[PDB]
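Single-structure report; data block below.
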Amino acid sequence: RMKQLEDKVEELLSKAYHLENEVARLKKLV
Amino acid sequence: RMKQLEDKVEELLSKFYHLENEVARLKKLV
Amino acid sequence: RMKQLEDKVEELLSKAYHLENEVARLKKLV
Ligand SMILES: [Mg+2]
Ligand code: NA
Ligand code: NA
Ligand code: NA
Ligand code: NA
Ligand code: NA
Ligand code: NA
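Quick mapping for you: the protein sequence lines, in order, are chains A, B and C. Mapped onto the UniProt record's numbering, the consecutive letters of the first sequence carry residue numbers 249 to 278. Mapped onto the UniProt record's numbering, the consecutive letters of the second sequence carry residue numbers 249 to 278. Mapped onto the UniProt record's numbering, the consecutive letters of the third sequence carry residue numbers 249 to 278.
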């Protein structure tokens, strides 16, 4: 079951990295 | 051990879904 | 393999609090 855990955390890392970008983007638009 | 992590990632999935909605609302107002 | 998953999940949860703060900050500014 460590395979499902690893694929979920890969998805969450990409989520986090994309949210990080949108936070940095949104910071410059205010 | 595997149960503890599962409940933590399922928490992470709900968290990330929630921040994504908030960002989506920040972008519309921005 | 297992300890790295647990460590990465800790690292995600901590960054989600960090992002929660950043998002709430922007939430004011728009
Ligand atoms: Mg999976
Ligand atoms: Na921008
Ligand atoms: Na932008
Ligand atoms: Na276990
Ligand atoms: Na069970
Ligand atoms: Na999901
Ligand atoms: Na390790």
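Cβ coordinates follow ideal geometry from the N, Cα and C atoms, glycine included.
In chain order, what residues of the same chain have a beta carbon less than 6 Å from the beta carbon of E270(B), not counting five sequence neighbours either side?
In the second sequence, the residue the question calls residue 270(B) occupies position 22. Same-chain partners within the cutoff: there are none.
Where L267(B) meets chain C, residues with beta-carbon distance less than 9 Å
Position 19 of the second sequence, counted from the start, is the residue given in the question as residue 267(B). Simply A264, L267, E268 and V271.
Do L260(A) and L260(B) have their beta-carbon atoms positioned less than 7 Å apart in this structure?
Stepping through the second sequence from its first residue, residue 260(B) is reached at position 12. Stepping through the first sequence from its first residue, residue 260(A) is reached at position 12. Going by C-beta atoms, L260(B) is nearer than 7 Å to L260(A).
Please list, in chain order, all residues with a C-beta atom less than 5 Å from at least one heavy atom of ligand 2.
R273(A), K276(A) and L277(A)
Which residues of chain C have a Cβ atom closer than 7 Å to the Cβ of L261(B), listed in chain order?
Mapped onto the second sequence, residue 261(B) falls at position 13. Those within 7 Å of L261(B) in chain C number zero; the least Cβ separation is about 10 Å.
Beta strand (DSSP E) segments (min. 3 residues) lying fully within the UniProt region "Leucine-zipper" (253 to 274) of chain C
none
Tell me the rounded alpha-carbon separation between residue 285(A) and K251(B).
Any question about residue 285(A) goes unanswered here, given that chain A covers just 249 to 278.
Would the beta-carbon of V278(A) fall within 7 Å of that of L277(C)?
Your numbering for residue 278(A) matches position 30 in the first sequence. Your numbering for residue 277(C) matches position 29 in the third sequence. Their beta carbons are under 7 Å apart, which means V278(A) touches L277(C) by this criterion.
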